[PDB]
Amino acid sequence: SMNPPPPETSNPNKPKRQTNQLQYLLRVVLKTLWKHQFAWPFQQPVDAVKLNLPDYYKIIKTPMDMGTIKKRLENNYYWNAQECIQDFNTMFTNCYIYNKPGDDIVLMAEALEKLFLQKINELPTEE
């Protein structure tokens, strides 16, 4: 009935690197989705307490959100671009698991995912 703690965003025990793919994921992919008119419900963990959704974290056991993804990129949580792409995919899949076809939040998720796929289909080459 409490919210879970948000996902880990900075792990000192993880090695860190800068790559053109990770720079692109923060500065092009995340930044573009972040500034979208429909971004705001995805910029932080679902607050199931304040929204009074007592079943949200009974159904969604792998929560993810763009606030968490942004901090993960900012703090080198991802070594491989695929780890970041997986987190975006998890965020969209959670929305489609919990919500119903035609729901306002689902139409918002679809618009962001369309933009996500447009941007990640132009990811730069791997070192």
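If you superpose the two forms and keep the largest set of C-alpha atoms that fall within 1.5 Å, you have the rigid core. Note that residue numbering follows the sequence shown and begins at 1.
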Positional deviation of Cα atoms in 8 other deposited structures of this protein after core superposition, greater for 99-107 or 16-24 = 16-24
Core-superposed in 8 other deposited structures of this protein, which stretch deviates more in Cα positions, 6-14 or 112-120?
-> 6-14
Averaging the C-alpha temperature factors as deposited, the higher value of 96-104 versus 59-67 falls on 96-104
Listed options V49, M91, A81, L26: highest C-alpha B factor recorded at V49
Within-chain third of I85 by Cα B-factor, per the entry | lowest
Among the modelled residues of its chain, does the C-alpha B-factor of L73 lie in the lowest, middle or highest third?
-> lowest
Should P7 be placed in the lowest, middle or highest third of its chain by the C-alpha B factor in the entry?
-> lowest
